[PDB]
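*Asks:* Here it is, the structure, as structure tokens.
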Amino acid sequence: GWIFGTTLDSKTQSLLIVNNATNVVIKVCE
Amino acid sequence: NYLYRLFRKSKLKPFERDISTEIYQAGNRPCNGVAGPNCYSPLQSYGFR
Ligand SMILES: *[C@@H]1O[C@H](CO)[C@@H](O)[C@H](O)[C@H]1NC(C)=O
């Protein structure tokens, strides 16, 4: 997986993609 | 109940949302979360009547 964002300090929306060999979980909130 | 952002340090890319609430730095002294000279809230409320 990969994390994305600008500052990653719970001040802006941070894209997160997680693979666990069963699905892909994508979330946007900090 | 309706707010619009009037102060920002750049221009948005197309189809972008920014909902951060930090005090805008319009001068030299840091705001540190406290309003004052050259330090304004980025979101101004509408005045619908
Ligand atoms: C995204 O964040 C960076 C980091 O401060 C900033 O320089 C840039 O202007 C931001 N992008 C937009 C479209 O505001």
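Lettering and numbering for the structure tokens are positional, with chains as A, B, ... in the shown order, residues counted from 1 in each chain, and ligands counted from 1 in the shown order.
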Can you check which residues of chain A have any atom within 9 Å of chain B? Use only C-alpha atoms and format it as a ChimeraX atom specification.
*Replies:* /A:11-13
*Asks:* Mind checking which residues fall within 12 Å of residue A:30, counting only C-alpha atoms, ignoring those fewer than 3 positions away in the same chain, and posting them as a PDB file with N, CA, C and O atoms, in the first residue's frame?
*Replies:*
```pdb
ATOM      1  N   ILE A   3       0.594   5.675   1.257  1.00  0.00           N
ATOM      2  CA  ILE A   3      -0.092   6.830   1.805  1.00  0.00           C
ATOM      3  C   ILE A   3       0.253   8.036   0.941  1.00  0.00           C
ATOM      4  O   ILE A   3       1.316   8.113   0.313  1.00  0.00           O
ATOM      5  N   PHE A   4      -0.681   8.982   0.889  1.00  0.00           N
ATOM      6  CA  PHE A   4      -0.538  10.206   0.120  1.00  0.00           C
ATOM      7  C   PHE A   4      -0.976  11.364   1.002  1.00  0.00           C
ATOM      8  O   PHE A   4      -1.762  11.188   1.935  1.00  0.00           O
ATOM      9  N   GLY A   5      -0.461  12.547   0.714  1.00  0.00           N
ATOM     10  CA  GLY A   5      -0.908  13.717   1.441  1.00  0.00           C
ATOM     11  C   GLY A   5       0.026  14.893   1.262  1.00  0.00           C
ATOM     12  O   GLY A   5       1.013  14.837   0.528  1.00  0.00           O
ATOM     13  N   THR A   6      -0.322  15.972   1.962  1.00  0.00           N
ATOM     14  CA  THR A   6       0.440  17.216   1.935  1.00  0.00           C
ATOM     15  C   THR A   6       1.337  17.357   3.161  1.00  0.00           C
ATOM     16  O   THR A   6       2.555  17.508   3.029  1.00  0.00           O
ATOM     17  N   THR A   7       0.752  17.307   4.360  1.00  0.00           N
ATOM     18  CA  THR A   7       1.506  17.433   5.598  1.00  0.00           C
ATOM     19  C   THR A   7       1.388  16.232   6.524  1.00  0.00           C
ATOM     20  O   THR A   7       2.315  16.003   7.311  1.00  0.00           O
ATOM     21  N   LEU A   8       0.281  15.475   6.451  1.00  0.00           N
ATOM     22  CA  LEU A   8       0.041  14.246   7.225  1.00  0.00           C
ATOM     23  C   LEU A   8       0.112  14.492   8.735  1.00  0.00           C
ATOM     24  O   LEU A   8       0.785  13.771   9.474  1.00  0.00           O
ATOM     25  N   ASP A   9      -0.600  15.524   9.192  1.00  0.00           N
ATOM     26  CA  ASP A   9      -0.611  15.895  10.603  1.00  0.00           C
ATOM     27  C   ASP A   9      -2.030  16.125  11.109  1.00  0.00           C
ATOM     28  O   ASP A   9      -2.240  16.949  12.007  1.00  0.00           O
ATOM     29  N   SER A  10      -2.999  15.396  10.534  1.00  0.00           N
ATOM     30  CA  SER A  10      -4.437  15.520  10.828  1.00  0.00           C
ATOM     31  C   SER A  10      -4.940  16.948  10.615  1.00  0.00           C
ATOM     32  O   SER A  10      -5.772  17.455  11.372  1.00  0.00           O
ATOM     33  N   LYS A  11      -4.430  17.601   9.570  1.00  0.00           N
ATOM     34  CA  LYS A  11      -4.863  18.936   9.190  1.00  0.00           C
ATOM     35  C   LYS A  11      -5.365  19.017   7.756  1.00  0.00           C
ATOM     36  O   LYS A  11      -5.936  20.048   7.378  1.00  0.00           O
ATOM     37  N   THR A  12      -5.170  17.974   6.955  1.00  0.00           N
ATOM     38  CA  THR A  12      -5.641  17.944   5.579  1.00  0.00           C
ATOM     39  C   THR A  12      -5.970  16.505   5.211  1.00  0.00           C
ATOM     40  O   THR A  12      -5.556  15.561   5.890  1.00  0.00           O
ATOM     41  N   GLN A  13      -6.734  16.348   4.131  1.00  0.00           N
ATOM     42  CA  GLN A  13      -7.160  15.025   3.695  1.00  0.00           C
ATOM     43  C   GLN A  13      -5.979  14.245   3.133  1.00  0.00           C
ATOM     44  O   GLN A  13      -5.229  14.748   2.290  1.00  0.00           O
ATOM     45  N   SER A  14      -5.815  13.009   3.600  1.00  0.00           N
ATOM     46  CA  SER A  14      -4.674  12.173   3.251  1.00  0.00           C
ATOM     47  C   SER A  14      -5.171  10.877   2.630  1.00  0.00           C
ATOM     48  O   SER A  14      -5.839  10.081   3.299  1.00  0.00           O
ATOM     49  N   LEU A  15      -4.830  10.658   1.363  1.00  0.00           N
ATOM     50  CA  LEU A  15      -5.242   9.450   0.661  1.00  0.00           C
ATOM     51  C   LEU A  15      -4.423   8.257   1.140  1.00  0.00           C
ATOM     52  O   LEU A  15      -3.191   8.319   1.196  1.00  0.00           O
ATOM     53  N   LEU A  16      -5.114   7.173   1.482  1.00  0.00           N
ATOM     54  CA  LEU A  16      -4.494   5.962   1.998  1.00  0.00           C
ATOM     55  C   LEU A  16      -5.032   4.763   1.236  1.00  0.00           C
ATOM     56  O   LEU A  16      -6.253   4.582   1.139  1.00  0.00           O
ATOM     57  N   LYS A  27      -9.136   5.062   1.616  1.00  0.00           N
ATOM     58  CA  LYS A  27      -9.812   6.085   2.405  1.00  0.00           C
ATOM     59  C   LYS A  27      -9.128   7.430   2.206  1.00  0.00           C
ATOM     60  O   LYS A  27      -7.949   7.500   1.855  1.00  0.00           O
TER      61      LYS A  27
ATOM     62  N   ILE B  19     -10.670  21.771   3.188  1.00  0.00           N
ATOM     63  CA  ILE B  19     -11.532  22.106   4.314  1.00  0.00           C
ATOM     64  C   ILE B  19     -10.720  22.392   5.578  1.00  0.00           C
ATOM     65  O   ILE B  19     -11.251  22.305   6.684  1.00  0.00           O
ATOM     66  N   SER B  20      -9.441  22.731   5.434  1.00  0.00           N
ATOM     67  CA  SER B  20      -8.612  23.034   6.592  1.00  0.00           C
ATOM     68  C   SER B  20      -8.969  24.400   7.169  1.00  0.00           C
ATOM     69  O   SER B  20      -9.341  25.328   6.448  1.00  0.00           O
TER      70      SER B  20
END
```
*Asks:* At a cut-off of 8 Å and counting only C-alpha atoms and all ligand atoms, what residues surround ligand 1? Please answer as a ChimeraX atom specification.
*Replies:* /A:6-7 /B:8-13,16
*Asks:* Would you save the residues from that selection as a short mmCIF file (atom, residue, chain, number, x, y, z; two decimals), in the first residue's frame, using N, CA and C atoms?
*Replies:*
```cif
data_model
loop_
_atom_site.label_atom_id
_atom_site.label_comp_id
_atom_site.auth_asym_id
_atom_site.auth_seq_id
_atom_site.Cartn_x
_atom_site.Cartn_y
_atom_site.Cartn_z
N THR A 6 -0.32 15.97 1.96
CA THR A 6 0.44 17.22 1.93
C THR A 6 1.34 17.36 3.16
N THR A 7 0.75 17.31 4.36
CA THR A 7 1.51 17.43 5.60
C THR A 7 1.39 16.23 6.52
N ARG B 8 -6.32 32.52 0.80
CA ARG B 8 -5.52 31.32 0.58
C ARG B 8 -4.23 31.73 -0.10
N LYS B 9 -3.21 30.89 0.06
CA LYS B 9 -1.87 31.20 -0.44
C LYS B 9 -1.66 30.78 -1.89
N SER B 10 -2.63 30.12 -2.51
CA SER B 10 -2.50 29.68 -3.90
C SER B 10 -3.89 29.55 -4.51
N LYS B 11 -3.95 29.08 -5.75
CA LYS B 11 -5.19 28.85 -6.46
C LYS B 11 -5.42 27.35 -6.59
N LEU B 12 -6.69 26.94 -6.54
CA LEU B 12 -7.02 25.52 -6.56
C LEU B 12 -6.80 24.91 -7.93
N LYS B 13 -6.43 23.63 -7.93
CA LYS B 13 -6.56 22.80 -9.10
C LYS B 13 -8.04 22.51 -9.36
N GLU B 16 -11.11 20.30 -6.66
CA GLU B 16 -10.36 20.09 -5.43
C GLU B 16 -11.14 20.65 -4.25
#
```
*Asks:* Identify, with DSSP run on backbone atoms, the residues in chain A assigned to strand (DSSP E or B), and express the list as a list in words.
*Replies:*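 The strand (DSSP E or B) residues within chain A come out as residues 2, 3, 16, 17, 18, 19, 24, 25, 26 and 27 of chain A.
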*Asks:* Contacts of residue B:38 at 10 Å or less, counting only C-alpha atoms, minus same-chain residues fewer than 4 places along, as a list in words?
*Replies:* residues 23, 24, 25, 26, 27, 28, 29, 30 and 31 of chain B
*Asks:* How far is it from atom CA of residue B:6 to atom CA of residue B:41, in Å with one decimal?
*Replies:*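 Straight-line distance from atom CA of residue B:6 to atom CA of residue B:41 works out to 9.1 Å.
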*Asks:* Would you compute the distance between atom CA of residue B:14 and atom CA of residue B:2? Give it in Å to one decimal.
*Replies:*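 Going from atom CA of residue B:14 over to atom CA of residue B:2, I get 22.0 Å.
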*Asks:* Calculate how many Å separate atom CA of residue A:2 from atom CA of residue A:26, rounding to one decimal.
*Replies:* 9.8 Å
*Asks:* Could you name the residues that touch residue B:47 at 12 Å or less, counting only C-alpha atoms, but leaving out those on the same chain fewer than 5 positions away, as a PyMOL selection string?
*Replies:* chain B and resi 1-4
*Asks:* For the selection just defined, write its residues with N, CA, C and O atoms to a file, as a PDB file, in the first residue's frame.
*Replies:*
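So part-v7.pdb came out as:
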```
ATOM      1  N   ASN B   1     -25.044  30.159   8.611  1.00  0.00           N
ATOM      2  CA  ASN B   1     -24.721  28.748   8.455  1.00  0.00           C
ATOM      3  C   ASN B   1     -23.917  28.452   7.196  1.00  0.00           C
ATOM      4  O   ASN B   1     -23.473  27.313   7.019  1.00  0.00           O
ATOM      5  N   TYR B   2     -23.717  29.437   6.325  1.00  0.00           N
ATOM      6  CA  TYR B   2     -22.998  29.251   5.072  1.00  0.00           C
ATOM      7  C   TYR B   2     -21.705  30.051   5.109  1.00  0.00           C
ATOM      8  O   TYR B   2     -21.714  31.242   5.435  1.00  0.00           O
ATOM      9  N   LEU B   3     -20.595  29.392   4.779  1.00  0.00           N
ATOM     10  CA  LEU B   3     -19.269  29.980   4.888  1.00  0.00           C
ATOM     11  C   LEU B   3     -18.542  29.857   3.558  1.00  0.00           C
ATOM     12  O   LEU B   3     -18.736  28.893   2.814  1.00  0.00           O
ATOM     13  N   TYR B   4     -17.700  30.846   3.260  1.00  0.00           N
ATOM     14  CA  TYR B   4     -16.855  30.821   2.075  1.00  0.00           C
ATOM     15  C   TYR B   4     -15.443  31.253   2.444  1.00  0.00           C
ATOM     16  O   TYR B   4     -15.244  32.118   3.298  1.00  0.00           O
TER      17      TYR B   4
END
```
